[PDB]
There are 2 protein chains.
Amino acid sequence: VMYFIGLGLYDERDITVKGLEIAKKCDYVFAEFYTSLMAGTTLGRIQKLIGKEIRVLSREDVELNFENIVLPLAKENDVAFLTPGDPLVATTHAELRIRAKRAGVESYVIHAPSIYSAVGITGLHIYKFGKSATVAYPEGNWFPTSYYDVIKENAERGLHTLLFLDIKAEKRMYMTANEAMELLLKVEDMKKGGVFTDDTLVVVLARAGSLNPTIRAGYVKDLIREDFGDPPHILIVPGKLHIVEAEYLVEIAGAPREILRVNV
Amino acid sequence: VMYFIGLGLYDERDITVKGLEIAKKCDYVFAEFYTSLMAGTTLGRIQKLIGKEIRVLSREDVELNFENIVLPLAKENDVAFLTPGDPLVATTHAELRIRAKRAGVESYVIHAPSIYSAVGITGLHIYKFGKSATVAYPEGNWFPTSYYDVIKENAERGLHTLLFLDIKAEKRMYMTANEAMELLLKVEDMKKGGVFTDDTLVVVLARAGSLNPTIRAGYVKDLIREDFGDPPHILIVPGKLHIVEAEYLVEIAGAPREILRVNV
Ligand SMILES: Nc1ncnc2c1ncn2[C@@H]1O[C@H](CSCC[C@H](N)C(=O)O)[C@@H](O)[C@H]1O
Ligand code: NA
């Protein structure tokens, strides 16, 4: 059998009891730390907590040799594949389950807290979020913009936008909410849809999962230069607020009391 | 100090290690099972795993008296507030942190798996979900249908719509995917907007969190009367599929081959 087990958001403890119970009694343990950053732990602590040796795999080992490195062992033993947060959220690991099927391997998913639901601690109603997007680093003469249209589309409907920030694990590069805002501003001049400016209200959630995450709401002009701590970060562009969402942003995220005055 | 700790998705093992340890160091432990129930376990088993007695709070005990029942103790003690899923996902829970602030009480959030990220196991891409909704039971002269317009607006833009099904927590009466489909067909007959029909494709997820969840995909006309096992049930109406999504539904969720040409 094959086990996809999420490790959670911040540290090793963010794993579900079920996850740890099963990880402990597995023959082989593999993992990847390229889809996200667990800024609160080390491979050692995970290994010490699990009680097994962990073979960390690269994006390539996975995307090209999952069935060559992991699956073979899964037909004779109980093998676990570990990932940050929930293993099937904002990743392409879901497809790996098909590889397992075609390989004669039974696979199970043990969920864990994901950043996709952790946004609830921002005060924004989770059901009000619309389509999601990723702000990707520009590479060479290629400048990604799609995520800008996502914000626009949701904005018209009154919905919130969750922006997954880019990550270059191998270069130990983790995009900050600031870089994301600087990129959006640049796309705003390029497109001029009045979708993202200095006056746009944004929400920053940094290091969710830690007992002391950074939750900040405010205008780009004021937050674009603010220090939100070490990564990972996520950026949120709220749609039409609800009075209680606004009260939470002000009371808990330190937003300008003037946002309380919702323009229904 | 008080802790909002998520209980997870299905059973008492879905709580995170961090959540279980903290709940054990708490002087008092409250829990609510009105926003949702844990069908994979019991209050007795959760009480035993933590090794603390747990006082259950009704919907009114919380929404009306949270500050007179839970917060008082949090002054000279460490209190735990357990909820199914991930904390603050339930819409009225985030405002409780404002109550905690108002009362001079520090609050921390201990995340856990939520259905919002767990639906990833359907093989649908998270970022493609739009606004979410709850299918409510008609009753008396009230026949709510806004959840239909959500499916309409989401699908229109190629987005998946996550549908929470009704629940009468106290009476422990869940709405089945079947009843939800019957209801939608009935609503389509009302508004006739070509949103939900016998030919519409849907995905039914039952018992997320369990090692053996029920994942089924197919046309309403073939699922409207299928048995998906015991509750809870989540209904999902996908927009235009990504080929990789369709193959997953065909391979893992038992969807018909027809979707590889019809819904891609
Ligand atoms: N604890 C955390 N705090 C803030 N952002 C986080 C985060 N975990 C993930 N992210 C965000 O999501 C990106 C990884 S996307 C993969 C998400 C992961 N499977 C999950 O379930 O969370 C990061 O670059 C960051 O922008
Ligand atoms: Na969503």
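Residues numbered from 1 in each chain as written, not as in the entry; some residues may be left out. Chains lettered and ligands numbered in written order. Heavy atoms only, no water.

By the method listed in its record, X-ray crystallography, this PDB entry was determined to a resolution of 2.80 Å.

J.: Just checking my understanding: could you explain the sheet that holds strand β5 (residues 107–110) of chain A for this structure?
T.: Sheet strands associate in pairs through backbone hydrogen bonding, adopting either a parallel or an antiparallel arrangement. The five strands lie next to each other as β3-β2-β4-β1-β5 (chain A), forming an open sheet whose pairing is parallel. Each having just a single partner strand, β3 (55–56) and β5 of chain A make up the two edges of the open sheet. (Pairing = 2+ DSSP bridges. Helix = DSSP H or I, 4+ residues; strand = E, 2+ residues; numbered from the N terminus.)

J.: What is the right way to look at the domain arrangement of chain A in this model?
T.: Put simply, an interface is often sized by how much accessible area is lost when its parts join up. All names here are of chain A. Here the domain parsing of chain A yields domain 1 (1–113) and domain 2 (114–264). Its C-alpha centre places domain 1 at a distance of 29 Å from the equivalent point of domain 2. The interface is formed by 14 residues belonging to domain 1 together with 14 residues belonging to domain 2. Both sides of the domain 1 and domain 2 interface together cover about 1,100 Å² of buried area, and 71% of this is carbon and sulfur. Of all residues in domain 1, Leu 9, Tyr 10 and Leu 37 bury the most surface against domain 2, accounting for 48% of the area lost on that side. Counting every contact that joins domain 1 to domain 2 gives zero salt bridges. Remark: the boundary between domain 1 and domain 2 carries one residue pair in polar contact. (Domains from an automatic or database assignment. Contact = heavy atoms within 4.5 Å. Buried area = accessible area lost by both parts, 1.4 Å probe. Salt bridge = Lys/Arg side-chain N within 4 Å of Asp/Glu carboxyl O. Polar contact = N/O pair within 3.5 Å; in protein donor to acceptor, adjacent residues only side chain to side chain.)

J.: For this particular structure, what's the right way to read the interface of chain A and chain B?
T.: Listed per partner, the contact involves 55 residues of chain A and 53 residues of chain B. Counting each side, the surface lost to burial between chain A and chain B is near 4,900 Å², with a carbon and sulfur contribution of 63%. For the chain A face of the interface with chain B, the top three residues by lost area are A:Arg13, A:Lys18 and A:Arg157, together amounting to 14%. Taken together, chain A and chain B are joined by nine salt bridges. Between A:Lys101 and B:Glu251 there is a salt bridge, with its nearest N and O atoms 2.8 Å apart.

J.: Honestly, a nonpolar patch on the surface in this entry has me stumped. Any pointers?
T.: On the surface, a nonpolar cluster with roughly 200 Å² of combined accessible area is contributed by B:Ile243, B:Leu260 and B:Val264. Among the secondary structure elements, B:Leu260 is positioned in helix α11 (residues 259–262). (Patch = residues over 30% accessible without salt bridge, like charges linked within 9 Å, V, L, I, M, F, W, Y side chains within 5 Å. Areas by Shrake-Rupley, 256 points an atom, 1.4 Å probe, with all protein chains shown as cover.)

J.: Would you explain the relation of the copies chain A and chain B in this entry?
T.: Superposition of chain A onto chain B requires a rotation of 180° combined with a translation of 0.0 Å along the rotation axis, giving an RMSD of 0.9 Å. This pairing of chains is accounted for by a two-fold axis. Both copies present the same face, since 91% of the interface residues in chain A are matched by interface residues at the equivalent positions in chain B. (Least-squares fit on C-alpha atoms.)

J.: Just checking my understanding: could you explain the site of ligand 1 for this structure?
T.: Residues and elements named next belong to chain A. Surrounding ligand 1, one finds 19 residues, the nearest of these being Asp 86, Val 89, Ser 114, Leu 165 and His 233. For ligand 1, a nitrogen atom lies 3.4 Å from a polar atom in the backbone of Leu 9. Between ligand 1 and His 233, the relevant distance is 2.7 Å, taken from an oxygen atom to a main-chain nitrogen or oxygen of the residue. Compared with its free state, where it exposes 540 Å², ligand 1 has 96% of that area covered by protein. Only β7 (161–165) and β12 (233–237) provide two or more residues apiece to the shell around ligand 1. (Near = heavy atom within 4 Å.)

J.: Whenever I open this one, the environment of B:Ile259 confuses me. Can you help?
T.: All names here are of chain B. Of note, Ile 259 is situated in helix α11. Accessibility expressed as a relative area gives 0% for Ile 259, which makes it buried. When the C-alpha positions of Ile 259 and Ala 217 are compared, they lie 9.5 Å apart, and in sequence the two are 42 residues distant. Once residues within four sequence positions are removed from consideration, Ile 259 is found in contact with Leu 201, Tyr 219, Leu 241, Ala 246, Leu 249, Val 250 and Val 264. (Buried < 20%, exposed > 50% of the residue type's maximum accessible area, 1.4 Å probe, protein only.)

J.: Which parts of the structure should I look at to understand the environment of A:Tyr137?
T.: Residues and elements named next belong to chain A. Position of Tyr 137 among the secondary structure elements: in the loop between β6 (133–135) and α7 (146–157). Assessed through its relative accessible area of 11%, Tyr 137 is described here as buried. Sequence separation of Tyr 137 and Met 175 is 38 residues, and the distance between their C-alpha atoms is 8.0 Å. Excluding residues within four positions of it along the chain, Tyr 137 makes contact with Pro 144, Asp 166, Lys 168, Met 173, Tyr 174, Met 175 and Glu 179. Here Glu 179 takes part through its side chain, which lies 2.9 Å from a polar atom of the side chain of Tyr 137.

J.: Got a minute to help me understand the UniProt feature "binding site: S-adenosyl-L-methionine" in chain A in this structure?
T.: Residues and elements named next belong to chain A. UniProt records the feature "binding site: S-adenosyl-L-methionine" for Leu 9, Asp 86, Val 89, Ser 114, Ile 115, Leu 165, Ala 208 and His 233 in the present numbering. Residue placement: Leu 165 occurs in strand β7. When its relative accessible area of 11% is taken as the criterion, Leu 165 is described as buried. Each residue touching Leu 165, except ones within four places of it in the same chain, is listed here: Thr 134, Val 135, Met 175, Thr 176, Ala 177, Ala 180, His 233, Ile 234 and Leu 235. In this fold, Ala 208 is placed in the loop between β10 (201–206) and β11 (214–219). Among residues more than four places away in sequence, those in contact with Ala 208 are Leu 9, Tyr 10, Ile 115, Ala 118 and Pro 213. (UniProt positions renumbered as here; feature names shortened; annotations may be inferred.)

J.: So what exactly am I meant to see when it comes to the pattern of salt bridges here?
T.: Pairing between side chains of opposite charge can happen when their charged atoms approach one another. As enumerated under the stated definition, the model contains 30 salt bridges over all chains in all. Residue A:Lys18 is joined to B:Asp11 by a salt bridge in which the shortest nitrogen-to-oxygen separation is 2.8 Å. Of this pair, A:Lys18 sits in helix α1 (residues 17–24) while B:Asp11 sits in the loop between β1 (2–6) and α1 (17–24), each in a different chain. Its relative accessible area of 2% is what places A:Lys18 among the buried residues. By relative accessible area, B:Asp11 is classed as buried at 11%.

J.: I tried to follow the packing of aromatic side chains on my own but got confused; where do I start?
T.: Remark: the centre distance and the inter-plane angle together describe each pair of aromatic rings, the angle taken between the planes. Per the counting criterion, the structure on display carries nine aromatic pairs over all chains. Ring geometry for B:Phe4 and B:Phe66: centres 6.2 Å apart, planes at 25°, overall stacked. Here the residue B:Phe4 occupies a position in strand β1, and B:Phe66 occupies one in helix α4 (residues 66–69), the gap between them amounting to 62 residues. Each member of the pair, B:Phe4 together with B:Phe66, is buried. When the ring centre of A:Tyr219 is taken as reference, the NZ or CZ atom of A:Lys221 above it lies at 5.4 Å. (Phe/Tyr/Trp six-rings, centres within 6.5 Å; stacked < 30°, edge-to-face > 60°. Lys NZ or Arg CZ within 6 Å of the ring centre and 35° of its normal.)

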